[PDB]
file start.txt (compact mmCIF, N, CA and C atoms)
# COMPACT_ATOMS: atom_id res chain seq x y z
N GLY A 1 8.78 -12.95 34.18
CA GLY A 1 9.71 -11.85 34.03
C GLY A 1 9.74 -10.94 35.24
N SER A 2 10.38 -9.79 35.10
CA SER A 2 10.48 -8.83 36.19
C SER A 2 10.49 -7.40 35.66
N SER A 3 11.37 -7.14 34.70
CA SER A 3 11.49 -5.81 34.11
C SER A 3 12.55 -5.80 33.01
N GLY A 4 12.72 -4.65 32.38
CA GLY A 4 13.71 -4.52 31.31
C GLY A 4 13.10 -4.03 30.02
N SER A 5 13.66 -4.47 28.90
CA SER A 5 13.16 -4.06 27.58
C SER A 5 12.28 -5.15 26.98
N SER A 6 11.63 -4.82 25.86
CA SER A 6 10.75 -5.76 25.18
C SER A 6 10.88 -5.63 23.67
N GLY A 7 11.51 -6.62 23.05
CA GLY A 7 11.69 -6.60 21.61
C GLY A 7 10.81 -7.61 20.90
N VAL A 8 9.64 -7.15 20.46
CA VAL A 8 8.70 -8.02 19.76
C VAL A 8 8.75 -9.44 20.30
N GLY A 9 8.73 -9.56 21.63
CA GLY A 9 8.78 -10.87 22.25
C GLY A 9 7.40 -11.45 22.50
N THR A 10 6.48 -10.61 22.97
CA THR A 10 5.12 -11.04 23.25
C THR A 10 4.40 -11.45 21.97
N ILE A 11 4.37 -10.54 21.00
CA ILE A 11 3.71 -10.80 19.72
C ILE A 11 4.12 -12.17 19.17
N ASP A 12 5.42 -12.37 19.00
CA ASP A 12 5.94 -13.63 18.49
C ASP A 12 5.18 -14.81 19.08
N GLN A 13 4.79 -14.68 20.35
CA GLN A 13 4.06 -15.74 21.03
C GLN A 13 2.56 -15.63 20.77
N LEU A 14 2.02 -14.44 21.01
CA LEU A 14 0.59 -14.20 20.81
C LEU A 14 0.13 -14.75 19.46
N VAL A 15 0.67 -14.19 18.38
CA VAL A 15 0.32 -14.64 17.04
C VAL A 15 0.17 -16.15 16.98
N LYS A 16 1.24 -16.86 17.31
CA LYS A 16 1.22 -18.32 17.30
C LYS A 16 -0.11 -18.85 17.83
N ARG A 17 -0.62 -18.23 18.88
CA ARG A 17 -1.88 -18.64 19.48
C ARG A 17 -3.02 -18.51 18.47
N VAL A 18 -3.37 -17.27 18.13
CA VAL A 18 -4.44 -17.01 17.18
C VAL A 18 -4.34 -17.93 15.97
N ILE A 19 -3.15 -18.45 15.73
CA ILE A 19 -2.92 -19.35 14.61
C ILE A 19 -3.35 -20.77 14.94
N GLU A 20 -2.79 -21.32 16.02
CA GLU A 20 -3.12 -22.67 16.45
C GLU A 20 -4.47 -22.71 17.15
N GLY A 21 -5.03 -21.53 17.40
CA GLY A 21 -6.32 -21.44 18.07
C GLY A 21 -6.22 -21.75 19.55
N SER A 22 -5.03 -22.14 20.00
CA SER A 22 -4.81 -22.47 21.40
C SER A 22 -5.55 -21.49 22.31
N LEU A 23 -5.80 -20.29 21.80
CA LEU A 23 -6.50 -19.26 22.57
C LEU A 23 -7.93 -19.09 22.06
N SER A 24 -8.86 -18.91 22.99
CA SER A 24 -10.26 -18.73 22.64
C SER A 24 -10.44 -17.57 21.67
N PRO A 25 -11.60 -17.53 21.00
CA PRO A 25 -11.92 -16.48 20.02
C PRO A 25 -12.14 -15.13 20.69
N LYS A 26 -12.69 -15.15 21.90
CA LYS A 26 -12.96 -13.92 22.64
C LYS A 26 -11.67 -13.33 23.19
N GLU A 27 -10.78 -14.19 23.67
CA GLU A 27 -9.50 -13.75 24.22
C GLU A 27 -8.82 -12.75 23.28
N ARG A 28 -8.82 -13.06 21.99
CA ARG A 28 -8.20 -12.20 21.00
C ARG A 28 -8.73 -10.77 21.11
N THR A 29 -10.05 -10.63 21.00
CA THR A 29 -10.69 -9.32 21.09
C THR A 29 -10.31 -8.61 22.39
N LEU A 30 -10.18 -9.38 23.46
CA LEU A 30 -9.82 -8.83 24.76
C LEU A 30 -8.41 -8.27 24.74
N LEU A 31 -7.54 -8.89 23.94
CA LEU A 31 -6.15 -8.44 23.84
C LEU A 31 -6.08 -6.94 23.62
N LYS A 32 -6.97 -6.42 22.79
CA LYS A 32 -7.01 -4.99 22.49
C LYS A 32 -7.35 -4.19 23.74
N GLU A 33 -8.17 -4.77 24.62
CA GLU A 33 -8.57 -4.11 25.85
C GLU A 33 -7.40 -4.02 26.82
N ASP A 34 -6.32 -4.74 26.51
CA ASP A 34 -5.13 -4.74 27.36
C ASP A 34 -4.10 -3.73 26.85
N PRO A 35 -3.34 -3.14 27.78
CA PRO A 35 -2.31 -2.16 27.45
C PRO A 35 -1.12 -2.78 26.74
N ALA A 36 -0.81 -4.03 27.09
CA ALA A 36 0.30 -4.74 26.48
C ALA A 36 0.15 -4.81 24.97
N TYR A 37 -1.09 -4.79 24.50
CA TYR A 37 -1.37 -4.86 23.07
C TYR A 37 -1.97 -3.54 22.57
N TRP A 38 -1.29 -2.44 22.88
CA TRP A 38 -1.75 -1.12 22.47
C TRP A 38 -1.47 -0.89 20.99
N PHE A 39 -0.33 -1.37 20.52
CA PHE A 39 0.06 -1.22 19.12
C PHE A 39 -1.02 -1.78 18.20
N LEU A 40 -1.79 -2.74 18.71
CA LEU A 40 -2.86 -3.36 17.93
C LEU A 40 -3.54 -2.33 17.03
N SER A 41 -4.03 -1.25 17.63
CA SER A 41 -4.70 -0.20 16.88
C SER A 41 -3.73 0.52 15.96
N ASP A 42 -2.51 0.74 16.44
CA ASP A 42 -1.48 1.41 15.66
C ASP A 42 -1.02 0.54 14.50
N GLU A 43 -0.54 1.18 13.44
CA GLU A 43 -0.06 0.46 12.26
C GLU A 43 1.35 0.89 11.89
N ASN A 44 1.64 2.17 12.09
CA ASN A 44 2.96 2.72 11.78
C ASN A 44 3.95 2.44 12.91
N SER A 45 3.90 1.22 13.44
CA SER A 45 4.79 0.83 14.53
C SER A 45 5.49 -0.48 14.21
N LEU A 46 6.35 -0.92 15.12
CA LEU A 46 7.09 -2.17 14.94
C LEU A 46 6.34 -3.35 15.54
N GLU A 47 5.94 -3.21 16.80
CA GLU A 47 5.21 -4.26 17.49
C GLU A 47 4.01 -4.72 16.66
N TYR A 48 3.43 -3.80 15.91
CA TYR A 48 2.27 -4.10 15.08
C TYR A 48 2.70 -4.74 13.76
N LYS A 49 3.93 -4.45 13.34
CA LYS A 49 4.47 -5.00 12.10
C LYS A 49 4.60 -6.52 12.19
N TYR A 50 4.65 -7.03 13.41
CA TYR A 50 4.77 -8.47 13.63
C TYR A 50 3.40 -9.14 13.63
N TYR A 51 2.56 -8.74 14.58
CA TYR A 51 1.22 -9.30 14.69
C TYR A 51 0.58 -9.47 13.32
N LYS A 52 0.92 -8.58 12.39
CA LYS A 52 0.39 -8.64 11.04
C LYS A 52 1.28 -9.49 10.14
N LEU A 53 2.58 -9.41 10.36
CA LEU A 53 3.54 -10.17 9.57
C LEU A 53 3.60 -11.62 10.04
N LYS A 54 4.16 -11.83 11.23
CA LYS A 54 4.27 -13.18 11.79
C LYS A 54 2.99 -13.97 11.58
N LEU A 55 1.86 -13.26 11.52
CA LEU A 55 0.57 -13.90 11.31
C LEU A 55 0.39 -14.32 9.86
N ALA A 56 0.82 -13.46 8.94
CA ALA A 56 0.71 -13.75 7.51
C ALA A 56 1.53 -14.98 7.14
N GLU A 57 2.72 -15.10 7.72
CA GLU A 57 3.60 -16.23 7.45
C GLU A 57 3.13 -17.47 8.21
N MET A 58 2.62 -17.26 9.41
CA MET A 58 2.14 -18.37 10.24
C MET A 58 0.80 -18.89 9.72
N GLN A 59 0.03 -18.01 9.10
CA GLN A 59 -1.27 -18.39 8.56
C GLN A 59 -1.12 -19.19 7.27
N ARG A 60 -0.26 -18.71 6.38
CA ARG A 60 -0.03 -19.38 5.10
C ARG A 60 0.69 -20.71 5.32
N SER A 61 1.72 -20.69 6.15
CA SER A 61 2.50 -21.89 6.44
C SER A 61 1.87 -22.69 7.58
N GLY A 62 1.35 -23.86 7.25
CA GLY A 62 0.72 -24.70 8.25
C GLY A 62 -0.54 -25.38 7.74
N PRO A 63 -1.69 -24.72 7.95
CA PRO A 63 -2.99 -25.24 7.51
C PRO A 63 -3.14 -25.23 6.00
N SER A 64 -4.09 -26.01 5.49
CA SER A 64 -4.34 -26.09 4.06
C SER A 64 -4.94 -24.79 3.53
N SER A 65 -4.44 -24.34 2.38
CA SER A 65 -4.92 -23.11 1.78
C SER A 65 -4.40 -22.96 0.35
N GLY A 66 -5.07 -23.61 -0.59
CA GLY A 66 -4.66 -23.54 -1.98
C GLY A 66 -4.59 -24.90 -2.64

call {"tool": "encode", "arguments": {"input": "start.txt", "output": "structure tokens"}}
result
Amino acid sequence: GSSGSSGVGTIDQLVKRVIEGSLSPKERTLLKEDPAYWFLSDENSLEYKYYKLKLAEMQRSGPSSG
């Protein structure tokens, strides 16, 4: 990229990772140490509404559970 706006674009991708595990276990924790994932701590936001949502749907749909 270069610049502009950001509409829940990163999360949509990030989540997928933590789901498929494509990303190491430590990397996740590091995400919080990054500014791009500031909403992480926040809850009354939109960017955070995905990481928690997209994850709930991505977690249930896919691997065995039930």

call {"tool": "residues_around", "arguments": {"input": "start.txt", "residues": "stretch 41-48 of chain A", "least_positions_apart": "6", "cutoff": "7 Å", "atoms": "all atoms listed in the file", "output": "NGL selection string"}}
result
:A and (8 or 11 or 32)

call {"tool": "select_by_dssp", "arguments": {"input": "start.txt", "residues": "stretch 28-60 of chain A", "states": "helix (DSSP H, G or I)", "output": "PyMOL selection string"}}
result
chain A and resi 28-33+35-37+47-60

call {"tool": "write_last_selection", "arguments": {"input": "start.txt", "atoms": "N, CA and C atoms", "output": "CSV table (one decimal), in the coordinates of the input"}}
result
chain,number,residue,atom,x,y,z
A,28,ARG,N,-8.8,-13.1,22.0
A,28,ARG,CA,-8.2,-12.2,21.0
A,28,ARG,C,-8.7,-10.8,21.1
A,29,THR,N,-10.0,-10.6,21.0
A,29,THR,CA,-10.7,-9.3,21.1
A,29,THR,C,-10.3,-8.6,22.4
A,30,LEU,N,-10.2,-9.4,23.5
A,30,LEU,CA,-9.8,-8.8,24.8
A,30,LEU,C,-8.4,-8.3,24.7
A,31,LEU,N,-7.5,-8.9,23.9
A,31,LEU,CA,-6.2,-8.4,23.8
A,31,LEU,C,-6.1,-6.9,23.6
A,32,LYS,N,-7.0,-6.4,22.8
A,32,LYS,CA,-7.0,-5.0,22.5
A,32,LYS,C,-7.4,-4.2,23.7
A,33,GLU,N,-8.2,-4.8,24.6
A,33,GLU,CA,-8.6,-4.1,25.8
A,33,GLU,C,-7.4,-4.0,26.8
A,35,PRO,N,-3.3,-3.1,27.8
A,35,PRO,CA,-2.3,-2.2,27.4
A,35,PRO,C,-1.1,-2.8,26.7
A,36,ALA,N,-0.8,-4.0,27.1
A,36,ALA,CA,0.3,-4.7,26.5
A,36,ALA,C,0.2,-4.8,25.0
A,37,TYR,N,-1.1,-4.8,24.5
A,37,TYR,CA,-1.4,-4.9,23.1
A,37,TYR,C,-2.0,-3.5,22.6
A,47,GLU,N,5.9,-3.2,16.8
A,47,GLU,CA,5.2,-4.3,17.5
A,47,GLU,C,4.0,-4.7,16.7
A,48,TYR,N,3.4,-3.8,15.9
A,48,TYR,CA,2.3,-4.1,15.1
A,48,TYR,C,2.7,-4.7,13.8
A,49,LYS,N,3.9,-4.4,13.3
A,49,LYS,CA,4.5,-5.0,12.1
A,49,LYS,C,4.6,-6.5,12.2
A,50,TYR,N,4.6,-7.0,13.4
A,50,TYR,CA,4.8,-8.5,13.6
A,50,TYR,C,3.4,-9.1,13.6
A,51,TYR,N,2.6,-8.7,14.6
A,51,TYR,CA,1.2,-9.3,14.7
A,51,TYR,C,0.6,-9.5,13.3
A,52,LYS,N,0.9,-8.6,12.4
A,52,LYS,CA,0.4,-8.6,11.0
A,52,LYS,C,1.3,-9.5,10.1
A,53,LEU,N,2.6,-9.4,10.4
A,53,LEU,CA,3.5,-10.2,9.6
A,53,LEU,C,3.6,-11.6,10.0
A,54,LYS,N,4.2,-11.8,11.2
A,54,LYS,CA,4.3,-13.2,11.8
A,54,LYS,C,3.0,-14.0,11.6
A,55,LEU,N,1.9,-13.3,11.5
A,55,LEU,CA,0.6,-13.9,11.3
A,55,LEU,C,0.4,-14.3,9.9
A,56,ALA,N,0.8,-13.5,8.9
A,56,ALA,CA,0.7,-13.8,7.5
A,56,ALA,C,1.5,-15.0,7.1
A,57,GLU,N,2.7,-15.1,7.7
A,57,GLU,CA,3.6,-16.2,7.4
A,57,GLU,C,3.1,-17.5,8.2
A,58,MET,N,2.6,-17.3,9.4
A,58,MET,CA,2.1,-18.4,10.2
A,58,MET,C,0.8,-18.9,9.7
A,59,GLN,N,0.0,-18.0,9.1
A,59,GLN,CA,-1.3,-18.4,8.6
A,59,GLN,C,-1.1,-19.2,7.3
A,60,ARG,N,-0.3,-18.7,6.4
A,60,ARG,CA,0.0,-19.4,5.1
A,60,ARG,C,0.7,-20.7,5.3

call {"tool": "atom_distance", "arguments": {"input": "start.txt", "atom1": "atom CA of residue A:39", "atom2": "atom CA of residue A:55"}}
result
14.9 Å

call {"tool": "atom_distance", "arguments": {"input": "start.txt", "atom1": "atom N of residue A:15", "atom2": "atom CA of residue A:54"}}
result
7.6 Å

call {"tool": "atom_distance", "arguments": {"input": "start.txt", "atom1": "atom N of residue A:50", "atom2": "atom CA of residue A:36"}}
result
14.0 Å

call {"tool": "closest_residue", "arguments": {"input": "start.txt", "among": "A:58, A:40, A:49, A:1", "to": "residue A:20", "atoms": "only N, CA and C atoms"}}
result
A:58
